Amino acid sequence: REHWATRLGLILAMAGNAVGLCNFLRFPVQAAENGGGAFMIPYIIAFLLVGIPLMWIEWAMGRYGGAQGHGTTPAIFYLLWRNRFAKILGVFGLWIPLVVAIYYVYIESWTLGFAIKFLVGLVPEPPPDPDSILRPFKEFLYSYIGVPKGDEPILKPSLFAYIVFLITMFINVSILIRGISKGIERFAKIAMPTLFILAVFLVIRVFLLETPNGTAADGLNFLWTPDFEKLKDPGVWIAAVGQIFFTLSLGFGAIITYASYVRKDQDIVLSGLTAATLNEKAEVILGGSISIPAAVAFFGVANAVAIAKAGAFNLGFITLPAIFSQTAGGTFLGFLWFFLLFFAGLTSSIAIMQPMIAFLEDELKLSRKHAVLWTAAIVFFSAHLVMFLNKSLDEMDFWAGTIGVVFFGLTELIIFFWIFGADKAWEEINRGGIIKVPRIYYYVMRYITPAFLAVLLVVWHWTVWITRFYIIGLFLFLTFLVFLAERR
Ligand SMILES: CC(C)C[C@H](N)C(=O)O
Ligand code: NA
Ligand code: NA
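Residues numbered from 1 in each chain as written, not as in the entry; some residues may be left out. Chains lettered and ligands numbered in written order. Heavy atoms only, no water.

Chemist: Is there a simple way to think about the site of ligand 1 in this case?
Modeler: In the vicinity of ligand 1, 14 residues are found, and the nearest of them are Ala18, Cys22, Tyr104, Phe246 and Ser249. Here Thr247 contributes a backbone N or O atom positioned 3.3 Å from a nitrogen atom of ligand 1. Within the side chain of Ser249, a nitrogen or oxygen atom sits 2.9 Å from a nitrogen atom of ligand 1. Considered on its own, ligand 1 offers 290 Å² of accessible surface; in the complex 98% of this is hidden by protein. (Near = heavy atom within 4 Å. Polar contact = N/O pair within 3.5 Å; in protein donor to acceptor, adjacent residues only side chain to side chain. Areas by Shrake-Rupley, 256 points an atom, 1.4 Å probe, with all protein chains shown as cover.)

In structure tokens:
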């Protein structure tokens, strides 16, 4: 079984797992929609009551499974809970990452194509009224992905977009087929410093922005001024816990698969804490200080919130490049932004496609080459439904990327800390750690986190069926594979 070569390499690979498109695309939108600073206070709390404990739990479950040669949740749930329903629940740990990747890699291909076109300078040229500049870029995006012009929910991606998607899939395959250390870790050691440097440069350049409508400091103040009145609103807590799940890759089965290659005796407490802290630094500091500060600097706080309500794609692929186009060297700055997004999306897509590869390797005894190639074939085939059927991405992100991840985090917490045991799980978490988990977190993992998640869950066109029917089929397919494994 493969193992990580260096501890720093493991930290950077886990950071690349956590640091992705969400940090720079969803967190600005979710923070601006929930009142700026009024969203930051619960988010941090959700990081302390939900994020870190589930991170440690997934690390421990991954290492525990990998010690016995099982990297995926169908087998790890059965190890922690000897029951067929445990395998059925673990099938979600393969279904969620695959379905998520099916469109995540397409968005990553978007970022790659935009980076290419901005480096070559094949960008729209607006004339010297905000709509006068936003419309050329908007249409620029609409021609790339093929937004429907009429009532039919049919997408028509450009040939360049399809070729760039092929290239993105090829890059993911070239990274994954080389293995854990020689592929994921080696690429992480290069991509993470690049990501941080690009994010820091963009943060500085955006902080240097100022128009008669405001400054980037105004956006930073809007994002960092606490509003204790909105602590009463449950929707802020819903958004905060959901964003924590999305940014820390919790409930996607990826952290478990990555930790399954950590050796039996290696540390998981300090390592996972450092990885989560790096991701939080990148998203909260760097990711949050690019889009929203520039939007506030060019339009003010109210118009920036109104633009953020339009969606993550509209802010990341239309509004920010249009804003950059009004500054000296703005095309190159947009190229830097899209290259940052592409490296983030790549370091996340390899991580969310690794679970299926690990399942095929451990449970069906497929070689790494065959496993990577078959996973790539499945993802590339299924991605056409997202590429051509409108709102299929929305359905996949709702069922697998939103409901599925939260329910799966709750399920893994219940299986590890209630079914498998509380003292056993705690000792497995703290075994071999450079530092020890604070004792209070025990009562956070056993009582506070599941009750929090349950309370928040409780308080929380026909073509959609086309997507649903498909992804359900995928689940069945995966189940059949599990069945075959059990018969082998
Ligand atoms: C699906 C996950 C890889 C997403 C990742 N946590 C991100 O920030 O984009
Ligand atoms: Na993240
Ligand atoms: Na990443």
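Chemist: Hey, could you run me through the coordination of the sodium ion (ligand 3) in this one?
Modeler: Under perfect tetrahedral coordination by four donors, a metal shows angles of 109.5 degrees; under perfect octahedral coordination by six donors, it shows angles of 90 or 180 degrees. Around the sodium ion (ligand 3), the protein contributes the donor atoms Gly16 (O), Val19 (O), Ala344 (O), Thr347 (OG1), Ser348 (N) and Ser348 (OG), which lie 2.2 to 2.8 Å from the metal centre. The coordination sphere of the sodium ion (ligand 3) comprises 6 donor atoms, whose angles at the metal cover 67 to 163°; the geometry is irregular. Here the residue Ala344 and the residue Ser348 both occupy positions in helix α17 (residues 330-362), the gap between them amounting to 4 residues, near one helical turn. With a relative accessible area of 0%, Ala344 lands in the buried category. (Donors = N, O, S within 2.8 Å, 3.2 Å for Na, K, Ca; no water. Tetrahedral: all angles 85-135°; square planar, octahedral: opposite > 155°, others 65-115°. Helix = DSSP H or I, 4+ residues; strand = E, 2+ residues; numbered from the N terminus. Buried < 20%, exposed > 50% of the residue type's maximum accessible area, 1.4 Å probe, protein only.)

Chemist: Just to check I follow, could you spell out the pattern of salt bridges for this structure?
Modeler: As a working rule, side chains carrying opposite charge can pair if their charged atoms are close by. Inspection of every chain in the model, using the stated rule, returns 9 salt bridges. Among the ionic pairs, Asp394 bridges to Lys391, the shortest N-O distance being 3.9 Å. You can call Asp394 partly exposed: its relative accessible area is 40%. (Salt bridge = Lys/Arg side-chain N within 4 Å of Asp/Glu carboxyl O.)

Chemist: In this structure, what is going on with the packing of aromatic side chains? I would like to understand it.
Modeler: Any pair of aromatic rings gets described here by the distance separating the centres and the angle formed by the planes. Per the stated rule, a full pass over the model turns up 41 aromatic pairs. Ring centres of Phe39 and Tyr43 lie 5.9 Å apart, and the angle between their planes is 35°; on these two criteria the pair is classed as tilted. Of this pair, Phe39 and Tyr43 both sit in helix α3 (residues 37-66), 4 residues apart, which is roughly one turn of that helix. Take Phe39 and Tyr43: they sit in the same class, and that class is buried. With a centroid separation of 4.6 Å and an interplanar angle of 45°, the aromatic rings of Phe339 and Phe343 are classed as tilted. In this pair, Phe339 and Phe343 are both assigned in helix α17, 4 residues apart and thus about one turn of the helix distant. (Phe/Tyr/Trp six-rings, centres within 6.5 Å; stacked < 30°, edge-to-face > 60°.)

Chemist: In this structure, what is going on with the packing of helix α2 (residues 21-33) against helix α13 (residues 269-286)? I would like to understand it.
Modeler: When two helices pack together, their arrangement is given by the angle between the helix axes and the distance between those axes. Across the interface, α2 lies against α13 with an axial gap of 9 Å and an inter-helix angle of 40°. It follows that α2 is oblique to α13 by the angle criterion. Considering only the axes of α2 and α13, their crossing is right-handed. Of the residues in α13, those in contact with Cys22, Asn23, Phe24 and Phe27 of α2 are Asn279, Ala282, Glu283, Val284 and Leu286. In the contact of α2 with α13, the residues fall into 6 nonpolar, 2 polar and 1 charged. (Axes fitted to C-alpha atoms, helices over the stretch in contact; angles between N-to-C directions. Parallel < 35°, antiparallel > 145°, perpendicular 65-115°, else oblique. Left-handed = near helix turned anticlockwise from the far one by under 90°. Contact = heavy atoms within 4.5 Å. Nonpolar A, V, L, I, M, F, W, Y, C, P; charged D, E, K, R; others polar.)

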